[PDB]
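Chain by chain, the residues run as shown.
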Amino acid sequence: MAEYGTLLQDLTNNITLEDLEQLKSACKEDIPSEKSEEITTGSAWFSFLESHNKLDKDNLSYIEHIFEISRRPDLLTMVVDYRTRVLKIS
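Residues numbered from 1 in each chain as written, not as in the entry; some residues may be left out. Heavy atoms only, no water.

The name given to the chain in the PDB entry is Astrocytic phosphoprotein PEA-15, with Homo sapiens as the source organism. Looking at the header, the entry is titled "CS-Rosetta Model of PEA-15 Death Effector Domain". In UniProt, the chain has this text filed under Subunit: "Binds RPS6KA3, MAPK3 and MAPK1. Transient interaction with PLD1 and PLD2 (By similarity). Interacts with CASP8 and FADD." (UniProt positions renumbered as here; feature names shortened; annotations may be inferred.)

## Focus on the nonpolar core
Counting 23 residues, the largest nonpolar core has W45, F46, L49, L55, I63 and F67 as the members making the most contacts within it. Looking at this core, the element that brings in the most residues is helix α4 (residues 42-51), giving 5 residues. Those residues within four positions of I63 in sequence are excluded, and the remaining contacts are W45, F46, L49, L55 and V79. (Core = buried A, V, L, I, M, F, W, Y, C linked by side-chain atoms within 4.5 Å. Buried < 20%, exposed > 50% of the residue type's maximum accessible area, 1.4 Å probe, protein only. Helix = DSSP H or I, 4+ residues; strand = E, 2+ residues; numbered from the N terminus. Contact = heavy atoms within 4.5 Å.)

## Let's talk about the UniProt feature "domain: DED" in the chain
Here, UniProt's "domain: DED" annotation points to residues 3-81. Annotated as 66% helix and 0% strand, the span residues 3-81 places its first and last C-alpha atoms 12 Å apart.

## Description of the environment of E68
Residue position: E68 is located in helix α5 (residues 61-69). Residues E68 and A26, 42 residues apart in the sequence, show an inter-C-alpha distance of 10 Å.

## Considerations on unusual backbone geometry
Even without being a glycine, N53 presents a positive backbone phi close to 55°. Here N53 lies in the loop between α4 and α5. When its relative accessible area of 70% is taken as the criterion, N53 is described as exposed. Positive phi outside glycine occurs at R71, with the angle close to 60°. Considering the arrangement of structural elements, one finds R71 in the loop between α5 and α6 (73-88).

## A short note on the packing of aromatic side chains
Tallying each qualifying case throughout the model produces 2 aromatic pairs. Taking the centre distance of 5.0 Å and the plane angle of 50° together, the rings of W45 and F46 count as tilted. When sorted by exposure, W45 lands in the same class as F46, which is buried. Ring geometry for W45 and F67: centres 6.4 Å apart, planes at 45°, overall tilted. Taken as a pair, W45 in helix α4 and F67 in helix α5 lie far apart in primary sequence, 22 residues in all. Take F67: its relative accessible area is 0%, and that puts it in the buried class. These aromatic residues form a ring-pair network of at least three members: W45, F46 and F67. (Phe/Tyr/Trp six-rings, centres within 6.5 Å; stacked < 30°, edge-to-face > 60°.)

## So, the pattern of salt bridges
One pass over the full model with this rule turns up 7 salt bridges. With a shortest N-O distance of 3.8 Å, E50 and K57 are connected by a salt bridge. Here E50 falls in the partly exposed class, since its relative accessible area comes to 33%. Overall, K57 belongs to the partly exposed group, its relative accessible area being 38%. With a closest N to O distance of 2.9 Å, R83 and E64 form a salt bridge. You can see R83 sitting in helix α6 and its partner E64 sitting in helix α5, a full 19 residues away along the chain. (Salt bridge = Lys/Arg side-chain N within 4 Å of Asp/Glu carboxyl O.)

Have a look at this one:
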């Protein structure tokens, strides 16, 4: 659980204001436009993905897809690498 939140913060730091707009566009169908106006940070965008039951805490294949279609292998890698590390932890 803490690892999930931690990842979101690590991702947020690697998201620019322009990328945020692109990410909001990527999830324009998942997050209501009224709620996309409430987004000021990457962490806000992430919090709506949780609030709207779009990104699972354990299943991060959703956000990996979003980063794929957003053309950010870097952000995708952050999730894949981190998630793998968490899976290794036992």
